[PDB]
Amino acid sequence: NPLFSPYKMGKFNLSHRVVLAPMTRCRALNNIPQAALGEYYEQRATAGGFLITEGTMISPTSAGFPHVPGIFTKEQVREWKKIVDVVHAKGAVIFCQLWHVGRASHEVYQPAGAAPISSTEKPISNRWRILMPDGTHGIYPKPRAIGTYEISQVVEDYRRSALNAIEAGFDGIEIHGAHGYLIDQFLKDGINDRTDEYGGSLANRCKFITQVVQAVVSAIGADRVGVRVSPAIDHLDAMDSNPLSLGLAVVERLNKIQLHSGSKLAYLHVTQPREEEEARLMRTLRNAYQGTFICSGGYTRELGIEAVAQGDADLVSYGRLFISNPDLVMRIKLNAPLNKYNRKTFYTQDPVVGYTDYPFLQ
Ligand SMILES: Cc1cc2nc3c(=O)[nH]c(=O)nc-3n(C[C@H](O)[C@H](O)[C@H](O)COP(=O)(O)O)c2cc1C
C-alpha cells in the first residue's frame, strides 16, 4: 500500500501519507483553544503522521464562524501549546492553518459590529447564507474594500500569527488561500476588479498571496510553511474565468519564492471539486510545482492509494472521514470498515458529542 510509504516533507520525516485535512469544528469557545481540542487531535494523531488544524484567526477581524480558535494573543498561544504537546507526545507532526475569512463574515462576528474586510465592496450573494452563533443563518453583508496600507497590516497579521504558532510549538503553518476567503477574494477575477496594483491583471491578483507567503516564509522559514488554494472551487461566489491559469500563476509565484529563499515550502495543498477534467487540472498544477503536493477533496482509501501510486500526489488529506474515524489511518491500513459521520454536529459547541465520541475500531 503506497499510502504507507515513508515521505520526507522537508525536515519532517512522515511514516505515512494520510493527512488530517484542516477542519473548522467550532469547539474553541471564545476563540480560545479548549482541552476538548487536545483530546480531539490526540485521538487522531499517529507516530510520524501529519496533522493540519482547523482554520485559526490571525486577528480580531478575521473570523466568520463561531468559536473558532485564534492565535493572535498570548493567551491563545499558551492554550495551543498544551494541545501541541499532547499531539507531539504521540509523535505526530502538526501545522496550524492561518485563516482570514474576508467578506465571508457578519457584523455579529466583527468587533464593534463593523463590516468585514475584502478586496472590493462586492458581497457574497443571497445564494449563500452564513451560520450564526445561535444556529440560524444570516445575510452576508457588504464588505469594506481595504487600501494598500491595510493590506500591509493584514500581511503583518499573518507574519505575527506564524511566529506565535512557532512559539506555541507548532512544526509549521498553512496559509488558507482557498474556498472563497480573504486570499481567494484577491485571487479570483470574479471578485477582484480593483484598479490599483492589487487588481486587474492576473499578476496583480496574485500579489496579495505572494506577499502573505513571503512574509511568513521570511519569518519562520519556507520549510515550515504550507500553502492551500482552490482555483477550481467556486464556493461563496468565488469563481475565476480561467482556474487552471490562476492556479498555474499561483504555482509560478511559489516556485519563484522558493528559489529566492533558497529553500522549499513544506508543500502546496490543493482542494478539488467533486471528473477526468478535474483530475487533469490537479495533475497539471502538481507537475508545475517544484515541491510536495497534497491533494484533497472527496478522497477515499482507494482514490488515495491511486493518487500516490500514479504519482498524482505525495500526500492525501482526509476531512469528513477523519471526523467520524479517529483512527482513520489504522483503518485505511487494515482496510477496515469506516464509520459514518453526523453533519448536524460538524459545527456545534459540545466538547464531546459529535467531536470526540466517535468510536475507535470495533
Ligand atoms: C466540517 C468541515 C470543516 C472544514 N474546515 C476547513 C477549514 O477550516 N479550512 C480549510 O482549508 N478547509 C476546511 N474544510 C475542507 C477540508 O479541509 C477538506 O478540504 C475536505 O473535507 C476534503 O473532502 P473530504 O471531507 O471528502 O475529505 C472543512 C471541511 C468540513 C467538512
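Residue numbers (PDB author numbering): 10 to 283, 298 to 385.
Using N, Cα and C, we set each Cβ at its ideal position, and we do this for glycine too.
If I measure Cβ to Cβ from residue i and keep anything under 6 Å in the same chain, skipping five residues before and after, which residues do I get?
i	result
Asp193	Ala187 and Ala247
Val28	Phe59, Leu338 and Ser340
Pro120	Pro69
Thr219	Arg262
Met32	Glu63 and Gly342
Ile346	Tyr364
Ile175	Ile229
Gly111	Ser127, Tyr190, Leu191 and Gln194
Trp137	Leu245
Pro282	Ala241 and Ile242
Label residue i either buried or exposed according to how many other C-beta atoms from any shown protein chain fall within 10 Å of its C-beta, with 16 as the threshold for buried.
i	result
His146	exposed
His76	buried
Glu206	exposed
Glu130	exposed
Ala98	exposed
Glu299	exposed
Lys216	buried
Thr65	buried
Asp143	exposed
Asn173	buried
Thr204	exposed
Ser71	buried
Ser319	buried
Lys197	buried
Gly235	buried
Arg309	buried
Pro252	buried
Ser114	buried
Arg53	buried
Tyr158	exposed
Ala224	buried
Closer than 7 Å by C-beta to residue i: which residues in its own chain qualify, once you throw out the five before and the five after it? Chain order, please.
i	result
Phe13	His25 and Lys356
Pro374	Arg36, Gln43 and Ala45
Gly122	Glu116
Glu51	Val95, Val96 and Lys99
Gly57	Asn22, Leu23, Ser24, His25 and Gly100
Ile92	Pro42, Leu46, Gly47 and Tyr50
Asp202	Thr129 and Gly208
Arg324	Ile355 and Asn358
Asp350	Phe383 and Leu384
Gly79	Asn40, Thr65, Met66 and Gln85
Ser270	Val226 and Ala231
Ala336	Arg309, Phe316, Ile317, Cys318 and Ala330
Using C-beta distances below 8 Å, list every residue in its chain close to residue i, excluding the 5 sequence neighbours before and after it, in chain order.
i	result
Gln267	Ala231, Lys273, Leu274, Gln313 and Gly314
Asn362	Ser347, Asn348, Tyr381 and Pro382
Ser254	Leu211
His244	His188 and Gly189
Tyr370	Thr33, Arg34, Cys35, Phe74, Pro75 and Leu140
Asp180	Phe21, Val102, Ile103, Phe104 and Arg233
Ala124	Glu116, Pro150, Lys151, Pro152 and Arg153
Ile155	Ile126, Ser127, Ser128 and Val163
For residue i, which residues does DSSP report across the bridge?
i	result
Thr280	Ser319
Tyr16	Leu23
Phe104	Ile61 and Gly181
Is residue i near ligand 2, with its Cβ less than 6 Å from a heavy atom?
i	result
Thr368	In terms of ligand content, the structure shown lacks ligand 2 and carries ligand 1 instead.
**Q.** Residue ranges of each alpha helix (DSSP H) within the region 106 to 189, 4 or longer
**A.** Complete alpha helix (DSSP H) runs here, min 4: 157 to 176.
(Q) Which runs of the alpha helix (DSSP H) at least 4 residues long sit entirely within the region 337 to 365? Give them in chain order. (A) Contiguous alpha helix (DSSP H) elements confined to the region 337 to 365 occur at 343 to 347 and 351 to 357, taking only those with 4 or more residues.
Q.
If we require 3 or more residues per run, which beta strand (DSSP E) segments fall completely within the region 203 to 273?
A. Fully enclosed beta strand (DSSP E) runs of 3 or longer: 234 to 238.
**Q.** Length at least 3, wholly inside the region 25 to 95: the beta strand (DSSP E) runs in chain order
**A.** Qualifying beta strand (DSSP E) stretches, in chain order: 27 to 29 and 59 to 61.
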